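The structure under discussion appears below in the form of structure tokens.
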Amino acid sequence: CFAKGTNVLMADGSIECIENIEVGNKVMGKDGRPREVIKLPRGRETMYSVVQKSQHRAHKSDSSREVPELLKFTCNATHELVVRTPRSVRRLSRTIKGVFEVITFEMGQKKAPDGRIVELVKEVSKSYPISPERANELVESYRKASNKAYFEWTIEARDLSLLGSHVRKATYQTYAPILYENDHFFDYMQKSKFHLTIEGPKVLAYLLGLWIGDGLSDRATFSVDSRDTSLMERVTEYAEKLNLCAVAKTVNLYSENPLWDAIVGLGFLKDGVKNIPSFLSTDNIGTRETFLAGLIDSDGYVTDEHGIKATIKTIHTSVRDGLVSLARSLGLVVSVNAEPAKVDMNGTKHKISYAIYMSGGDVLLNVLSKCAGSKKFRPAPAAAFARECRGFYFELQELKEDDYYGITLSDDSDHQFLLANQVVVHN
DNA sequence: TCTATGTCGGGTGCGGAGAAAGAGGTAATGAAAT
DNA sequence: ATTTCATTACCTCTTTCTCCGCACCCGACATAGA
Ligand SMILES: [Ca+2]
Ligand SMILES: [Ca+2]
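Residue numbers for the first sequence, in the authors' numbering: 1 to 99, 102 to 133, 136 to 250, 260 to 268, 283 to 454.
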């Protein structure tokens, strides 16, 4: 039971406003599979604000500094949040009125304002007199009573408050990568031009990538750093592959050019300016990743200082947003920084600069391995790497008793779908 | 007369490295509930 | 006699924010096609 206007993520990949979902359509299941709707719960009740927490500070001090889009939804007071919480245990040692210990996060119960007995996690202490192997055992056990390193459980907004203090902070929600896979990049290509296949959609994507970053906004041409040979080469090789030919430099690709019939066809360039089309967020993952590599080789530097990551820049909002979702559909974590439209004495006019940040170790490394940049590339993950739903902490603020719009999932499903934003919610 | 692709000039985007702020995790510590 | 909880101060880990100029881009126009 959400708020009127809350954007959902339809099964086919689309996006619709909860307030339009008709009984018999299919929302997006966290695993990529459809969730059938049958009941459309409606009515009023006190609402709740759920918004992610972020080390964003800018707006607090200065006003008119754009507010950060940040993952949020507004549900009713009884709605079940799909939360998660770490299984922790620390051996604290202490002295009371005169005279070890083992504190843990356990699965427990607690009394609500009403009779209601809600399940949830609570900090549990248990210690004996200093006057050895006990506290050890009292732990080893907790460590060997499960594989999961967390508890997956649900809790209604109105009950979060009953949560402890330690636990309450340790508790976070999640947003699942978009595993669904459309083939709107594939069918397009084949649905057109006298193409050459086997890696077609690939090199295409990579180039489609570059272009976005370093590519003139009126034709299939682009800059490349002469110093980076691997890149220099990748374009060459790839160009050849697509069946086309070749400080800083501009490289043109002449054969009636495929690339252009892409930058147009799939709408990478929208009525004049550049833009990472939406569809891309829900097409063959690989494709996605490639398209990213390109964009990373083109414009975005990489570092490992504090764990692998890649920062991309740009001033067109279209690209901003577009990149955001795409990276977010890949299960990469992403935050956006915006630089003001400063005007300097050195006589210059600067516009609002957006710097998109991305991280995720193994998930990212799988992108960077497909890159050519001398300084961008990173060897692919040895074995299989996680593409697990990403967690996030959040604030909850009480609200107005307003109307709610809801949908109930088939009496036989995970009862969890993805909101357009990709945050996992319970029906 | 009307679409691509050389190529030329003023000015802005964003390239690049870090340091520092926040967030939650850890432990410490005191007083009340069980 | 433990076991329950908040809160506080500090440590760990990532992620926001900034600082500033010059070389790379965008914008334009001419010109070859058609
Ligand atoms: Ca660029
Ligand atoms: Ca570049």
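Built from N, CA and C at the ideal position, the CB exists for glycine as well.
### Query
Within the present structure, is the beta-carbon of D218 separated from the nearest heavy atom of ligand 1 by less than 7 Å?
Residue 218 sits at position 214 when you count from the first residue of the first sequence. Flag set: Cβ of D218 near ligand 1.
### Query
Between the beta-carbon of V8 and the beta-carbon of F421, is there less than 8 Å?
Position 8 of the first sequence, counted from the start, is the residue given in the question as residue 8. Position 394 of the first sequence, counted from the start, is the residue given in the question as residue 421. In this structure, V8 sits away from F421, with a CB-CB distance that is not shorter than 8 Å.
#### Entry: For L423 and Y48, believed in contact at Cβ under 8 Å, the rounded distance
Along the first sequence, read from residue 1 onward, the residue named residue 48 stands at position 48. Along the first sequence, read from residue 1 onward, the residue named residue 423 stands at position 396. 6 Å between Cβ atoms; contact.
### Task
Compare the Cα-Cα distances from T106 to each of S14, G5 and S127 and report the closest residue.
Taking the first sequence and counting its residues from 1, one reaches residue 106 at position 104. Looking from the CA of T106, the closest CA among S14, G5 and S127 belongs to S127.
### Query
Is it the case that the CB of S325 approaches a heavy atom of ligand 1 more closely than 7 Å?
Your numbering for residue 325 matches position 298 in the first sequence. Remark: the shortest separation between the CB of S325 and any heavy atom of ligand 1 falls under 7 Å.
### Message
I'd like the span of the alpha helix (DSSP H) that includes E137, first residue to last.
### Response
Counted from its first residue, the first sequence places residue 137 at position 133. From DSSP, the alpha helix (DSSP H) with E137 extends over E137 to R147.
### Message
On the DSSP bridge list, what partners appear for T341?
### Response
Counted from its first residue, the first sequence places residue 341 at position 314. Partner(s): none; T341 has no beta bridge.
### Query
What do you get for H377, buried or exposed, if any count of 16 or more other CB atoms within 10 angstroms of its CB means buried?
Locating residue 377 in the first sequence gives position 350, where the first residue counts as 1. Result: exposed.
### Query
Which whole-angstrom value is the C-beta distance of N311 and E415, which I expect to be below 8 Å?
Working through the first sequence from its first residue, we reach residue 311 at position 284. Working through the first sequence from its first residue, we reach residue 415 at position 388. Between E415 and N311 the Cβ distance is about 20 Å, and since that is not below 8 Å, they are no contact.
### Query
On the three-pair Cβ rule with 8 Å, is the segment 350-370 touching the segment 380-388?
With the cut-off at 8 Å, the segment 350-370 and the segment 380-388 touch.
### Query
Can you give the Cα-Cα distance for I290 and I15, rounded to whole angstroms?
Along the first sequence, one-based indexing puts residue 290 at 263. Along the first sequence, one-based indexing puts residue 15 at 15. Roughly 23 Å between the two C-alpha positions.
### Query
Can you name the residues that DSSP bridges to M10?
The residue labelled residue 10 in the question sits at position 10 within the first sequence. Beta-bridge partners assigned by DSSP to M10: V27.
### Message
Just to confirm, is the Cβ distance from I18 to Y432 under 8 Å?
### Response
Your numbering for residue 18 matches position 18 in the first sequence. Your numbering for residue 432 matches position 405 in the first sequence. For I18 and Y432, yes; Cβs fall inside 8 Å.
### Rounded straight-line distance, which links the Cα of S54 to that of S437
Taking the first sequence and counting its residues from 1, the one referred to as residue 437 is at position 410. Taking the first sequence and counting its residues from 1, the one referred to as residue 54 is at position 54. So the alpha carbons of these two residues sit roughly 35 Å apart.
### Query
What distance in whole Å lies between the Cβ atoms of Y179 and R44, which are believed to be in contact at a cut-off of 8 Å?
Here residue 44 corresponds to residue number 44 of the first sequence, with the count starting at 1. Here residue 179 corresponds to residue number 175 of the first sequence, with the count starting at 1. Contact flag wrong, Cβ pair sits at about 28 Å.
### Same chain, Cβ closer than 6 Å to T6, neighbours up to 5 away in sequence not counted
Sequence index remark: in the first sequence, residue 6 carries index 6 (1-based). Taken in chain order, the residues that qualify are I18 and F73.
#### Entry: Sufficient close CB pairs (3 or more, under 8 Å) joining the segment 158-168 to the segment 391-402
In the pairwise beta carbon analysis, the segment 158-168 is classified as not touching the segment 391-402: fewer than three pairs are separated by under 8 Å.
### Task
Give the straight-line distance between the Cα atoms of residue 468 and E332, rounded to the nearest whole angstrom.
Here the chain covers residues 1 to 454 and nothing more, so residue 468 does not appear.
### Message
Just list the residues that DSSP pairs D310 with in beta bridges.
### Response
For the purposes of this step, residue 310 is taken as the residue at position 283 of the first sequence. Per DSSP, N186.
### Task
Counting only runs of 4+ residues fully inside the segment 341-420, write out the alpha helix (DSSP H) ranges in chain order.
Restricted to the segment 341-420, the alpha helix (DSSP H) segments that are unbroken, complete and at least 4 residues in length are 344-356 and 389-395, listed in chain order.
### Task
Under 8 Å by Cβ, that's how I've got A209 and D229 pegged, so tell me the actual separation to the nearest angstrom.
The residue you call residue 209 lines up with position 205 of the first sequence. The residue you call residue 229 lines up with position 225 of the first sequence. With a Cβ gap of about 21 Å, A209 and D229 do not count as contacting.
### Query
Are at least three pairs of beta-carbons, each pair with one atom in the segment 235-247 and one in the segment 206-226, less than 8 Å apart?
Result yes; three or more Cβ-Cβ pairs closer than 8 Å.
### Query
Quick one: Cα of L40 to Cα of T435, how far?
Numbered from 1 along the first sequence, position 40 holds the residue referred to as residue 40. Numbered from 1 along the first sequence, position 408 holds the residue referred to as residue 435. When the Cα atoms are used, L40 and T435 turn out to be separated by approximately 6 Å.
### Task
Check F318 in the structure and name its three-state DSSP category.
Within the first sequence, residue 318 is the residue found at index 291, counting from 1. If DSSP states are grouped into helix, strand and coil, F318 belongs with the helices.
### Message
Distance check for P181 and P136, CA to CA, integer angstroms please.
### Response
The residue you call residue 136 lines up with position 132 of the first sequence. The residue you call residue 181 lines up with position 177 of the first sequence. For the pair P136 and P181, the Cα-to-Cα distance works out to about 45 Å.
### Query
Taking the C-alpha atoms as reference points, what is the distance between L322 and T78?
Residue 322 sits at position 295 when you count from the first residue of the first sequence. Residue 78 sits at position 78 when you count from the first residue of the first sequence. Their backbone Cα atoms lie some 43 Å apart in a straight line.
### Query
Buried or exposed: where does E316 fall if 16 or more other Cβ atoms within 10 Å of its Cβ makes it buried?
In the first sequence, the residue the question calls residue 316 occupies position 289. By the Cβ-count criterion, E316 is buried, with 16 or more other Cβ atoms from all chains shown falling within 10 Å of its own Cβ.
### Message
Beta-carbon within less than 7 Å of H199's beta-carbon, same chain only, minus the 5 sequence neighbours each way: which residues are those?
### Response
What you label residue 199 is simply residue 195 of the first sequence in a count that begins at 1. Within the same chain, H199 has close Cβ partners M193.
### Same chain only: Cβ atoms within 7 Å of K124, ignoring 5 sequence neighbours per side
Your numbering for residue 124 matches position 122 in the first sequence. Excluding sequence neighbours, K124 sits near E108, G110, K112, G168 and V171.
### Query
To which residues does DSSP link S49 through a beta bridge?
Working through the first sequence from its first residue, we reach residue 49 at position 49. Paired residue(s): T74 and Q424.
### Task
Kindly indicate the opening and closing residues of the alpha helix (DSSP H) around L212.
On the first sequence, residue 212 is found 208 positions in, with the first residue counted as 1. Unbroken alpha helix (DSSP H) run through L212: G204 to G217.
#### Entry: Inter-residue CB distance, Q177 and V300 (contact presumed, cutoff 8 Å)
Locating residue 177 in the first sequence gives position 173, counting from the first residue. Locating residue 300 in the first sequence gives position 273, counting from the first residue. About 35 Å; that fails the 8 Å criterion.
#### Entry: Buried versus exposed call for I132 [16 or more other C-beta atoms within 10 Å across all chains shown]
Here residue 132 is taken as the residue at index 130 of the first sequence, counted from 1. Label assigned to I132: exposed.
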